[PDB]
């Protein structure tokens, strides 16, 4: 187990995900599809539960029909002893919610041609790094992360699954110039969920009562999503995700990275960050 990363068109991927690209090549997008796109650990599950609730008219019992990773087919997903994304996509009724972490260089062209609405979620790089480090441990398909300091170095050169975080957030940010993309921030959602949920509702064209919006706010909170077995990823085989080493719903906080980053690491990171994000109108908040 724990295979090394396999590169494809310049993007380092989990071997299985790489294999999954093959059958994924036949995927055909519907005009009414909606794509959830994120760099790993940026709130994919969060916004997935929000969107599903919306899609179910706020009905909490419909959202319980199956695990979040079944309700929302993970495009490039593949792992032993469990249906692949595409396999799940076959039993997924429209309108469909889709998930991916694929950079534009690997994104199925059909999605751009069909002008599929996109809800992109971005999170500050430091929290992404920490969250992603613990995820490497608990998601057994990933390679050995090693020490934090070592993983951090990888993360900075984009030598982790799905490549550079700096490229990812920037390329999709630029795409929203010519493609219908709702660009959201994990920090914003954490700050005022109801506000970001209203945004999403508008973007998807739907409309729900004030009372229902508050209802979704409650059940999209870290607390409820941590309790909820249809979103906390606890129903996935232990060989793919072992929560004993670190739970999927880990902390759910913005700014928690301060308890992991050493002062030296922070300074080295802030300097590098400055270069890479030089000439970019993106503005991230490392804390609330």
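Residue numbers count along the first chain shown, from 1.
Asker: Out of 273-281 and 6-14, which stretch has the higher average CA B-factor listed in the record?
Answerer: It is 273-281 that shows the higher mean C-alpha B-factor.
Asker: State which stretch shows the higher mean Cα B factor in the entry: 100-108 or 198-206.
Answerer: Going by the record's values, the stretch with the higher mean is 198-206.
Asker: Maximum C-alpha temperature factor per the entry, among 227, 41, 30, 258, belongs to which one?
Answerer: It is 227.
Asker: Highest CA temperature factor in the entry: which of 142, 115, 168, 123?
Answerer: Spelled out: the listed residue with the top C-alpha B-factor is 142.
Asker: Mind checking which third residue 84 falls in for C-alpha B-factor across the chain?
Answerer: It falls in the middle third of the chain.
Asker: Please place residue 180 in the lowest, middle or highest third of its chain according to the CA B-factor in the PDB entry.
Answerer: Within its chain, residue 180 is a middle-third residue by C-alpha B-factor, going by the deposited values.
Asker: Could you look up the Cα B-factor of residue 48 in the entry and say which third of the chain it sits in: lowest, middle or highest?
Answerer: According to the entry, residue 48 has a C-alpha B-factor in the chain's lowest third.
Asker: Splitting the chain's C-alpha B-factors into thirds, which one does residue 151 fall into?
Answerer: CA B-factor rank for residue 151: middle third.
Asker: Split into thirds by Cα B-factor across the chain's modelled residues, where does residue 135 land: lowest, middle or highest?
Answerer: As the PDB entry reports it, the C-alpha B-factor of residue 135 lands in the middle third of its chain.
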